[PDB]
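Observations on the three-dimensional arrangement
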Amino acid sequence: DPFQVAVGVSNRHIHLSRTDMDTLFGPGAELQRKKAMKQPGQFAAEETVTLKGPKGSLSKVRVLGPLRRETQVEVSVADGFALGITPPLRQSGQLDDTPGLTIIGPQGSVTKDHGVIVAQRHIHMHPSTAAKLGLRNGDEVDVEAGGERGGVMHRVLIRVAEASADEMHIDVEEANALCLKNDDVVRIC
Amino acid sequence: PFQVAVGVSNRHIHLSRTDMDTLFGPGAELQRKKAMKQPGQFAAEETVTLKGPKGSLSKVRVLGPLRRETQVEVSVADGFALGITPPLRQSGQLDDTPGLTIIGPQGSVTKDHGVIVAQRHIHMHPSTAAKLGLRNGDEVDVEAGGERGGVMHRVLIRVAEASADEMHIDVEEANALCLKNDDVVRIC
Ligand SMILES: CC(C)(COP(=O)(O)OP(=O)(O)OC[C@H]1O[C@@H](n2cnc3c(N)ncnc32)[C@H](O)[C@@H]1OP(=O)(O)O)[C@@H](O)C(=O)NCCC(=O)NCCS
Ligand SMILES: CC(C)(COP(=O)(O)OP(=O)(O)OC[C@H]1O[C@@H](n2cnc3c(N)ncnc32)[C@H](O)[C@@H]1OP(=O)(O)O)[C@@H](O)C(=O)NCCC(=O)NCCS
Ligand SMILES: [Zn+2]
Ligand SMILES: [Zn+2]
Ligand SMILES: [Zn+2]
Ligand SMILES: [Zn+2]
C-alpha cells in the first residue's frame, strides 16, 4: 500500500548551533555519529546534555547532528512539566515566542532565552512519493494507526523536500498513545 | 449529549488490606486528599515507591478506597523506566501481569502480578447509556478537537449504577491529544 508510511519516534533531544557546541563541548568540538536517522544527513550523536528548567532537570538528553544555524530543543508535554516550562506546539524552526532553559555539557553551560518546543507531528516525504500520492508541500492529511490503541491523527502536515525520506515523525507520548514504536507502519488517509 | 468530560490518570496504585498493612502499618487507614469524579473514589495522601528490575518511580499516588486485590496502573513509558512490560488492560483484568516491588514507609512487598497499562474507557451512568442507546461492553469512537485533535477507536463503555459520566485516559494518551482534566471529548 503506497499510502503506508514508516514511523519515527522521537524522544526528547537537542540540535545545537556552533556557538553553543563550542560552549558545551569545547572550542571546535565535533559531534560523533552514533546512529544515522532515516532523514538524509541526520544522526543521533554520542554526545548528550542536561536540560535544566526552573523546576527540575532532564539528563542524558541526546544531541542530534549535524550542527544547525540555531539551537532547538524538542521535549514532550510531560517533559515541559518536569522542567517547569510551557513549550508551544511547533514545526521545526518555528521558534518565535518559545521558552528557554539552561543547557549543560561537559565543558560548559549556556542559558537560552528561547528555542524549546513540543514537536508537532508531521510526515517527511520525497517529491517523487508526493507526486505518486497526489500530495503537495503543506497539505494536511489524516493518519490511521491500527492495533490495541488504534485511532486517527487529524490534519498531519506533509513536508515535501528533495532531501527527505518518507517517514512520519511523532514524539514518544504520541507513539505510546497508539502503542507505536520505530519502524511501525501507519496509513495516510 | 454525546459529550463527555475527560479524567486523566497519572501512574497510581490501588491496595489490598493485606498490602496496606505491610506498607503503612497494621490497621492503617487511607487519608482523603481529593475526591475523584467516580462515586466513592479518591486520591489519598499516601504515596509509594515502585521498583522494577531497571529503575524506580517515586511519589506514586494511592487511590482509595482499599480493594480486594492490589492493582498498579502505569504508562507505557513507565514500563520502560521500570523494566517491565505491562499488558493493556481494563481494571481488574490482571491475569498474566508482571509484578513490581512496592515500597512504603512501614514496609515493602514484592508482588508477582498486578501491573497494567490502563486501557481507555468511558464510565457511564445507566440513564446516560439509555439516552445514547448504549449498553455495557459497547465500543465507540471518541473524537478530540484542538491542535493534536484526532479519534480514538473502540473505546469501551462501562455502564454501572455507581458511575459518573467520564472518559478515563492515561497521561500519555492525554498529552498526545493536548487534553487535561475536565476537557470535553465527543462520542462519535
Ligand atoms: C490518578 C491521580 C490521583 C494520580 O495522583 P497524582 O499523581 O498525585 O496526580 P497529580 O495531578 O497531582 O500529578 C502531579 C504531577 O503531575 C505533573 N503533571 C501535570 N501535568 C502533567 C502532564 N500534562 N503530563 C505529565 N505530568 C504532568 C505535575 O508536574 C506533577 O509533578 P510533581 O509531582 O513532580 O510536582 C490523578 O492523576 C487524578 O486525579 N486523575 C483523575 C482521573 C481518575 O479519576 N483516575 C482514576 C484511576 S482508577
Ligand atoms: C531522537 C533520538 C535520537 C533520541 O535519542 P535517545 O533518547 O538516545 O533514543 P533512544 O531510543 O536510545 O532512547 C532510549 C531510552 O528510551 C527508553 N524507551 C524505549 N522505549 C520507550 C518508550 N516506548 N517510551 C518511553 N521510553 C522508552 C528506553 O528505556 C531508554 O531509556 P534509558 O536511556 O533510561 O535506558 C531517538 O528518539 C530517535 O532515534 N528517533 C528517531 C526519530 C527521528 O529521526 N527524530 C528526529 C527528530 S528531528
Ligand atoms: Zn529534532
Ligand atoms: Zn521531522
Ligand atoms: Zn486506577
Ligand atoms: Zn476508570
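Residues numbered from 1 in each chain as written, not as in the entry; some residues may be left out. Chains lettered and ligands numbered in written order. Heavy atoms only, no water.

A few words now on the domain arrangement of chain A. Residue and element names in this part refer to chain A. Per the domain assignment, the segments of chain A are domain 1 (1–11 + 121–189) and domain 2 (12–120). Taking the mean C-alpha position of each, domain 1 and domain 2 sit 23 Å from one another. Listed as interface residues are 18 residues of domain 1 and, on the opposing side, 13 residues of domain 2. Together domain 1 and domain 2 conceal approximately 1200 Å² of surface at their shared face, both sides included; 41% is due to carbon and sulfur atoms. For the interface between domain 1 and domain 2, the tally reads 1 salt bridge. As a salt-bridge pair, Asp 183 and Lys 38 come within 2.9 Å of each other at their nearest N and O atoms. The interface formed by domain 1 and domain 2 includes 9 residue pairs in polar contact. Among the secondary structure elements, those contributing two or more residues to the side of domain 1 that touches domain 2 are β1 (4–10), β11 (122–125), β13 (151–160), β14 (167–171) and α4 (172–176). The element contributing the most residues to the side of domain 1 that touches domain 2 is β14, with 3 residues. Looking at the side of domain 1 that touches domain 2 residue by residue, the classes come out as 4 nonpolar, 7 polar and 7 charged. (Domains from an automatic or database assignment. Contact = heavy atoms within 4.5 Å. Buried area = accessible area lost by both parts, 1.4 Å probe. Salt bridge = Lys/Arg side-chain N within 4 Å of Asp/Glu carboxyl O. Polar contact = N/O pair within 3.5 Å; in protein donor to acceptor, adjacent residues only side chain to side chain. Helix = DSSP H or I, 4+ residues; strand = E, 2+ residues; numbered from the N terminus. Nonpolar A, V, L, I, M, F, W, Y, C, P; charged D, E, K, R; others polar.)

Three or four residues apart is the spacing at which side chains of an α-helix point the same way, because the helix has 3.6 residues per turn. All names here are of chain A. Of all the residues in helix α1 (residues 18–25), the buried ones are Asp 20, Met 21, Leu 24 and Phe 25. Each buried residue of α1 sits inside an arc of 105° when the element is viewed along its axis, so together they form one side. Next to the buried residues of α1 lie β2 (13–17), β4 (43–52), β5 (57–68), β8 (101–104) and β9 (109–112). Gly 26 lies just past α1 and shows a positive phi near 110°. (Buried < 20%, exposed > 50% of the residue type's maximum accessible area, 1.4 Å probe, protein only. Arc of directions from axis to C-beta.)

Coordination sphere of the zinc ion (ligand 6), protein contribution only: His 121 of chain B (NE2), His 123 of chain B (NE2) and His 168 of chain B (ND1), at 2.1 to 2.2 Å. The exposure class assigned to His 121 of chain B is buried, which follows from its relative accessible area of 11%. (Donors = N, O, S within 2.8 Å, 3.2 Å for Na, K, Ca; no water.)

This part takes up the coordination of the zinc ion (ligand 4). Residues and elements named next belong to chain A. Only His 122 (NE2), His 124 (NE2) and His 169 (ND1) from the protein coordinate the zinc ion (ligand 4), and they sit 2.1 to 2.2 Å from it. All donors of the zinc ion (ligand 4) belong to a single chain; written as a sequence motif, their spacing is H-x1-H-x44-H. Of this pair, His 124 sits in strand β11 while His 169 sits in strand β14, and the two are 45 residues apart along the sequence. In this structure, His 124 and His 169 share a single accessibility class: buried.

Bringing the layout of surface pockets into the picture now. The computed volume of the second largest pocket comes to approximately 150 Å³. Element by element, the count of residues in the lining of the second largest pocket is highest for β13 of chain A, at 4 residues. (1 Å grid on protein atoms, 1.4 Å probe; cavity = no way out; pocket = protein on both sides within 12 Å on 5 of 7 lines; lining within 4 Å. Points joined across faces, edges and corners; volume = space filled by probe spheres on them.)

Residues and elements named next belong to chain B. Its location among the elements puts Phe 24 in helix α1 (residues 17–24). We classify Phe 24 as buried; its relative accessible area is 15%. Remark: the alpha-carbon pair of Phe 24 and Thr 47, spanning 23 residues in sequence, is separated by 9.8 Å. Setting aside its immediate chain neighbours within four residues, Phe 24 contacts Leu 15, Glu 46, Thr 47, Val 48, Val 62, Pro 105 and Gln 106.

Neighbouring ligand 1 are 19 residues, the closest being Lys 55 of chain A together with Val 8, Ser 9, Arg 61 and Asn 175 of chain B. The site occupied by ligand 1 is bordered by residues of chains A and B. In the environment of ligand 1, a nitrogen atom lies 2.7 Å from a nitrogen or oxygen atom belonging to the backbone of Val 8 of chain B. (Near = heavy atom within 4 Å.)

Let us look at the site of ligand 2. In the vicinity of ligand 2 there are 17 residues, among which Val 9, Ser 10, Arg 62 and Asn 176 of chain A together with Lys 54 of chain B approach most closely. Bordering ligand 2 are residues originating from chains A and B. In the environment of ligand 2, a nitrogen atom lies 2.9 Å from a nitrogen or oxygen atom belonging to the side chain of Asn 176 of chain A. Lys 54 of chain B places a side-chain nitrogen or oxygen 2.9 Å from an oxygen atom of ligand 2. Out of a free accessible area of 990 Å², ligand 2 has 65% covered by protein chains. Elements supplying a minimum of two residues to the shell around ligand 2: β1, β2, β5 and α4 of chain A together with α2 (76–82) of chain B. Of the residues belonging to the shell around ligand 2, the class tally is 7 nonpolar, 7 polar and 3 charged. (Areas by Shrake-Rupley, 256 points an atom, 1.4 Å probe, with all protein chains shown as cover.)

So, on to the pattern of salt bridges. Any two side chains of opposite charge can pair, on the condition that their charged atoms come close. Under the counting rule described, the total for this entry stands at 21 salt bridges over all chains. Salt-bridge contacts for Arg 149 of chain A lead to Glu 173 of chain B; the nearest nitrogen and oxygen are separated by 3.2 Å. Of this pair, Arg 149 of chain A sits in the loop between β12 (140–145) and β13 while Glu 173 of chain B sits in helix α4 (residues 171–175), each in a different chain. Residue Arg 149 of chain A shares its accessibility class with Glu 173 of chain B, and that shared class is buried. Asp 78 of chain B is the partner of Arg 11 of chain B in a salt bridge, and the nearest nitrogen-oxygen pair spans 2.8 Å.

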